[PDB]
Amino acid sequence: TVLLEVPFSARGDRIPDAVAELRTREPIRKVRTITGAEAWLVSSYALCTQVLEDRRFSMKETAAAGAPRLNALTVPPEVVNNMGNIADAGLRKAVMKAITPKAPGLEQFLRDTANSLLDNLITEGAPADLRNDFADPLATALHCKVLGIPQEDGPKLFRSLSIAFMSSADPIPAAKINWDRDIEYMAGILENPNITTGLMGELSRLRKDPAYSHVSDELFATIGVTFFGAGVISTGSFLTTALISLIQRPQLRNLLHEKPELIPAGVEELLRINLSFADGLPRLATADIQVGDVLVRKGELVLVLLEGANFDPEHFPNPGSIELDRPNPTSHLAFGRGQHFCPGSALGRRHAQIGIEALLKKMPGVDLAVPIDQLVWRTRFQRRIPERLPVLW
Ligand code: HEM
Ligand SMILES: Nc1cccc(-c2cccc(-c3cn[nH]c3N)c2)c1
Ligand SMILES: Nc1cccc(-c2cccc(-c3cn[nH]c3N)c2)c1
């Protein structure tokens with residue numbers, strides 16, 4: 001037989017029985033990635049947290065020439081370290097402020113947008129596609145608003161993303177075409193005097209502030225492209241697969257409809273059980289480091305399997321069960337942990353809470369319109385998502 005291959009399954013509606021057997025028997029194990037490289041797959045909560053909290057397991061070094069790769073880069077190497085470059089440029093606080101859901105009018109914009117999407121679907125009549133015609137448009141709208149760019153520009157930026165977030169053994173020609181086009185767009189946004197709000201409005205002013213005169217124009221455009229893309233794919237994909245989890249649980253659907261104040265606790269459990277990340281998070285060892293029974297050598301690739309941690313019964317008892325009263329509810333790794341913890345975590349939570357709240361109010365009888373096994377799971381992609389999510393109500 002051959003070395004165990006990753007990823008195990010592109011299905012995002014159920015975790016393979018194999019994850020638990022692996023966590024029990026070999027919570028750090030050698031695997032082969034789609035490039036042919038070997039890697040260490042880490043699947044216990046204890047060992048996942050160890051790796052993510054040890055900066056000697058480096059994110060930015062995964063982009064080094066000649067390194068073992070999970071998949072091919074779809075961006076310039078520089079972009080892997082985007083957050084680090086943001087911090088170095090003195091821009092961290094400004095970016096963080098721009099992407100909080102606490103911005104005035106933001107939460108109202110999201111409710112209005114979700115309700116308008118849902119009303120259109122209702123007028124159209126069942127079946128409706130909750131990914132393409134609800135979750136992703138809601139994510140796209142949200143990020144145009146957060147960035148301060150026109151809503152009409154959202155769809156064009158969105159269309160890059162089915163290629164941008166591919167998980168490919170080889171470089172993708174279309175990825176560079178789309179990247180360069182999107183950078184040109186964001187550079188234009190920075191020169192556009194009408195753009196005065198949101199992240200791009202603030203970046204446009206900092207660009208002309210003397211305290212930032214030696215920060216490159218390319219970094220400013222890059223922040224816009226990177227935050228739009230990673231945000232839209234992460235929120236759209238999470239909400240989509242969370243809606244599947246909810247639809248599959250009519251009693252939970254009914255409980256949250258009846259007591260919407262439990263929706264935050266519900267979204268937090270839906271984050272914990274979410275299978276939207278298709279691959280472990282990659283890190284490259286910059287030293288020889290003991291992880292469980294394995295001495296990981298300098299230059300080796302480590303993959304942090306988020307559902308490994310998040311379904312670990314030693315940390316989350318009855319891990320497949322959605323429990324709204326856990327003692328450790330936010331201690332999951334859905335947003336990562338440590339140096340690279342997600343800066344959009346609050347925005348992601350609110351996108352999902354508001355989307356779910358609006359759906360349950362508009363479509364209290366929502367159900368799948370096809371048998372679950374008929375969902376088509378996107379392959380060789382950095383997220384697990386159904387190509388369409390047909391529902392009736
Ligand atoms: C439900 C929504 C989201 C989920 C599940 C999610 C998940 C994650 C995870 C797991 C990481 C850690 C990656 C690693 O350590 O290798 C991360 C980092 C990051 N996220 Fe998110 N994310 C979400 C929303 C967002 C949003 C809305 C934005 C921006 C608008 C965003 C921007 C980023 C960035 C820039 C990083 C890299 C941070 C760094 O390198 O220090 N994410 N996210
Ligand atoms: N929301 C999210 C989740 C996981 C990773 C990122 C993120 C943010 C910035 C850059 C990169 C990136 C681009 N190429 N390779 C990597 N790791 C990835 C964002
Ligand atoms: N080629 C392309 C075009 C537009 C956006 C992006 C993009 C933007 C942000 C993150 C990533 C990415 C690629 N691999 N992993 C991550 N997070 C990719 C790439």
# chains A, B, ... in the order shown; residues from 1 in each chain; ligands from 1
$ closest_atom_pairs --of "range 95-148 of chain A" --to "range 199-213 of chain A" --cutoff "10 Å" --atoms "only C-alpha atoms" --output "CSV"
residue,atom,partner,partner_atom,distance
A:95,CA,A:199,CA,6.6
A:96,CA,A:199,CA,9.2
A:97,CA,A:199,CA,8.6
A:98,CA,A:199,CA,5.1
A:99,CA,A:199,CA,7.2
A:143,CA,A:199,CA,9.7
A:144,CA,A:199,CA,9.6
A:145,CA,A:199,CA,9.0
A:146,CA,A:199,CA,6.2
A:147,CA,A:199,CA,4.5
A:148,CA,A:200,CA,5.8
$ residues_around --residues "range 291-300 of chain A" --least-positions-apart "2" --cutoff "12 Å" --atoms "only C-alpha atoms" --output "PyMOL selection string"
chain A and resi 23+25-31+37-52+54+56-58+61-70+282-289+302-304
$ residues_near_ligand --ligand "ligand 2" --cutoff "6 Å" --atoms "only C-alpha atoms and all ligand atoms" --output "PyMOL selection string"
chain A and resi 75+79-80+82+230-231+234
$ write_last_selection --atoms "C-alpha atoms" --output "tab-separated table (two decimals), in the first residue's frame"
chain	number	residue	atom	x	y	z
A	75	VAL	CA	-0.66	34.54	-4.78
A	79	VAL	CA	0.99	37.76	0.49
A	80	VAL	CA	1.32	34.69	2.73
A	82	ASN	CA	0.24	39.81	4.65
A	230	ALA	CA	-10.14	35.57	2.32
A	231	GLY	CA	-13.07	37.19	4.08
A	234	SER	CA	-14.34	32.17	4.67
$ residues_around --residues "residue 115 in chain A" --least-positions-apart "5" --cutoff "8 Å" --atoms "only C-alpha atoms" --output "count of residues only"
3
$ residues_near_ligand --ligand "ligand 3" --cutoff "7 Å" --atoms "only C-alpha atoms and all ligand atoms" --output "MDAnalysis selection string"
chainID A and resid 73:75 160:161 163:165 175:176 178:179 182 225:227 229:230
$ residues_around --residues "range 329-343 of chain A" --least-positions-apart "4" --cutoff "6 Å" --atoms "only C-alpha atoms" --output "count of residues only"
5
$ closest_residue --among "A:106, A:189, A:142, A:256" --to "ligand 1" --atoms "only C-alpha atoms and all ligand atoms"
A:142
$ select_by_dssp --residues "range 319-376 of chain A" --states "helix (DSSP H, G or I)" --output "count of residues only"
24
$ atom_distance --atom1 "CA of residue 186 in chain A" --atom2 "CA of residue 219 in chain A"
10.6 Å
$ closest_residue --among "A:154, A:173, A:264, A:127" --to "residue 346 in chain A" --atoms "only C-alpha atoms"
A:264
